Amino acid sequence: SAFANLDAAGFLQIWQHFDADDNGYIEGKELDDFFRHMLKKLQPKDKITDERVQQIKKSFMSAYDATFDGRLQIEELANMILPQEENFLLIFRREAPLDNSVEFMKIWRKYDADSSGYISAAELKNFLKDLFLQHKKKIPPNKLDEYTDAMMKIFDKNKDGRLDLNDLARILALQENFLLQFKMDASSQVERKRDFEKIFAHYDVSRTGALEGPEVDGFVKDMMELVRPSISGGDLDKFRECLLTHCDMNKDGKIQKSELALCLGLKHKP
């Protein structure tokens, strides 16, 4: 029921429907329909009307812009709709599509071998160098600088010297981010843990330290079902492969508790 704003990832998903050619614009007379998609994405159960689209659409920009039916460049609509963090993430991903999580995980493992869920902020630029390499991608030294320094802005404000996986994972250019699938609010990173703790407790009957197979499957359904309900059936497989794909170390087929915590936005403090 709370106000729910469109993030950079969502903004792109809807945008692409209108700019499949990726010219970077959409007809300005189509801003009314761009909002119906937004409203339907944010409030999935709401029954949207034409009147509502106008009321919401308008509240999002100047009275003047409301009449702006001309060509709107992607940066313009994003500037009129997305907050900074999600905004900068939109521009960064567009100029540096880094849509390879397989290697993100690997690079994350290097700077966070115990899967605490954080990397020392001192390793940022070093980190951004490796990520581009696994993507075999090269950029100018300055752009790397700007990016490194721009990210410290939205990920290290507390300036406590540490960046969190829940933030850095967001720089990836993935329509549906392998990880960014969970709630990220106040107690949302709390409640999810308690339920994560008891749920990891149940399945690991032998009390070893890792779940394998049915245990991993049972956890998943008895985890995600409550994280983000109304999920498909076959929509647990890639969830189960992505694990031993982007988490566990050896090919044991087991899923360690700490590795598992990472993907949940949570963090297992041993």
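As recorded in the entry header, the structure was determined using X-ray crystallography to a resolution of 2.100 Å.

Chemist: Describe empty space enclosed by the protein, with residues and values.
Modeler: Inspection of the entire model under this criterion finds one cavity of 30 Å³ or more. Lining the largest cavity, in full, are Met105, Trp108, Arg109, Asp112, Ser115, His246, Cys247, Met249, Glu259 and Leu262. Counting residues per element, the ones that place at least two in the lining of the largest cavity are α7 (101–111) and α14 (257–263). In terms of residues, the lining of the largest cavity owes the most to one element, α7, which gives three residues. Residue composition of the lining of the largest cavity, grouped by class: five nonpolar, two polar and three charged.

Chemist: Please provide a residue-by-residue account of the layout of surface pockets, values included.
Modeler: To find leftover empty space, one rolls a probe the size of a water molecule over the atoms. What the second largest pocket holds in volume is close to 270 Å³. Along the wall of the second largest pocket there are 16 residues; nearest its centre are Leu12, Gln16, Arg93, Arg94 and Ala173. When contributions to the lining of the second largest pocket are tallied by element, the ones reaching two or more residues are α1 (8–18) and α6 (84–95). Per element, the largest residue contribution to the lining of the second largest pocket is five residues, and it comes from α1. Each residue belonging to the lining of the second largest pocket can be placed in one class, and the counts come to nine nonpolar, two polar and five charged. Residue contributions to the lining of the second largest pocket reach at least three from each of two domains, namely domain 1 (1–81) and domain 2 (82–182).

Chemist: Could you give me a rundown of α7, with the residues and numbers involved?
Modeler: Within α7, eight of the eleven residues are buried, leaving the element largely enclosed by the surrounding structure. Within the sequence span of α7, burial applies to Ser101, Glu103, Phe104, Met105, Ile107, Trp108, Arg109 and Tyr111. For α7, the secondary structure elements touched by its buried residues are β3 (118–120), α8 (124–134), β4 (162–164), α10 (165–168), α13 (237–246) and α14. Where α7 begins, the side chain of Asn100 points an oxygen toward the backbone nitrogen of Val102, at a separation of 3.4 Å.

Chemist: For the UniProt feature "binding site: Ca(2+) 1" in the chain, give the residues involved together with the corresponding values.
Modeler: Residues given the UniProt feature "binding site: Ca(2+) 1" here are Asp19, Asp21, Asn23, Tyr25 and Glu30. Residues from the named set that contribute to the lining of the second largest pocket are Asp19. Looking at the element boundaries, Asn23 is found in the loop between α1 and β1 (25–26). Following the sequence through the fold, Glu30 ends up in the loop between β1 and α2 (31–42).

Chemist: Residues and numbers for the side chain of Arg109, please.
Modeler: Within the element layout of this structure, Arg109 appears in helix α7. The side chain of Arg109 is buried and forms no salt bridge, while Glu259, the nearest opposite charge, is found at 5.9 Å. Polar contacts involving the side chain of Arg109 include one to the main-chain carbonyl oxygen of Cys247, which spans 3.1 Å. Setting aside residues no more than four positions away along its own chain, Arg109 makes contact with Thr245, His246, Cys247, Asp248 and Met249.

Chemist: Kindly report on unusual backbone geometry, identifying the contributing residues and their values.
Modeler: Look at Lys159: it is not a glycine, yet its phi comes out positive at around 50 degrees. Following the sequence through the fold, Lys159 ends up in the loop between α9 (141–155) and β4. Under the relative-accessibility criterion, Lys159 is labelled exposed at 57%. Located in the positive-phi region is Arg207, a residue other than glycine, with phi close to 60 degrees. Mapped onto the elements of the fold, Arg207 is located in the loop between α11 (188–203) and β5 (210–212).

Chemist: Kindly report on the pattern of salt bridges, identifying the contributing residues and their values.
Modeler: Counting across every chain of the model gives 17 salt bridges. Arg36 is paired through a salt bridge with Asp50; the nearest N and O atoms lie 2.7 Å apart. Residue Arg36 is found in helix α2, and its partner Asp50 is found in helix α3 (residues 50–59); the two are separated by 14 residues along the sequence. A relative accessible area of 25% places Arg36 in the partly exposed class. When salt bridges that share partners are traced, they join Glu85, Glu86, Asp167 and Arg170 into one network.

Chemist: Mind laying out the UniProt feature "binding site: Ca(2+) 4" in the chain, listing which residues take part and the relevant values?
Modeler: The UniProt feature table records "binding site: Ca(2+) 4" at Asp204, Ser206, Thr208 and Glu215. With respect to the element layout, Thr208 can be found in the loop between α11 and β5. For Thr208, a relative accessible area of 62% gives the class exposed. When residues no more than four places from it in sequence are discounted, the contact partners of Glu215 are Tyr203, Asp204 and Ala210.

Chemist: Before we move on, could you go through the domain arrangement of the chain and cite the residues and values that matter?
Modeler: Interfaces are often sized by the accessible area lost when the parts come together. Per the domain assignment, the segments of the chain are domain 1 (1–81), domain 2 (82–182) and domain 3 (183–270). The C-alpha centroid of domain 3 is placed 35 Å from the C-alpha centroid of domain 1.

The rules behind each value
- Each chain's residues are numbered sequentially from 1 according to the written sequence, a convention that need not reproduce the entry's numbering, and residues without coordinates are excluded.
- Neither water nor hydrogens contribute to the side-chain values; these are computed over all heavy atoms in the structure.
- Here a cavity denotes grid points, spaced 1 Å and computed from the protein atoms alone, that fit a 1.4 Å probe unable to get out, and a pocket denotes an open set having protein on both sides within 12 Å along at least 5 of 7 lines; residues with an atom within 4 Å of a point are the lining.
- Grid points are joined across faces, edges and corners, and a volume is the space filled by probe spheres set on the points.
- The secondary structure listing takes helices from DSSP runs of H or I that are at least 4 residues long and strands from runs of E that are at least 2 residues long, numbered from the N terminus.
- When residues are grouped by polarity, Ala, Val, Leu, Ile, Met, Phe, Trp, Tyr, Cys and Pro land in nonpolar, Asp, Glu, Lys and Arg in charged, and all others, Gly among them, in polar.
- Domain boundaries shown here were taken from an automatic or database domain assignment.
- With a 1.4 Å probe rolled over the protein chains alone, any residue whose accessible area is under 20% of its type maximum counts as buried; one over 50% counts as exposed, and the rest are partly exposed.
- Contact criterion: two residues are considered in contact whenever any of their non-hydrogen atoms come within 4.5 Å of each other.
- We call two N or O atoms a polar contact when they sit within 3.5 Å, provided that within protein one can donate a hydrogen and the other can accept it, with sequence-adjacent residues counted only if both atoms are side-chain atoms.
- UniProt positions are given in the numbering used here, feature names are shortened, and annotations may be inferred rather than shown by experiment.
- Here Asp and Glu are counted as negative and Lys and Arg as positive; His is not counted, and neither are the chain ends.
- Salt bridges are defined as contacts in which a side-chain nitrogen from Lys or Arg sits within 4 Å of a carboxyl oxygen from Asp or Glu.

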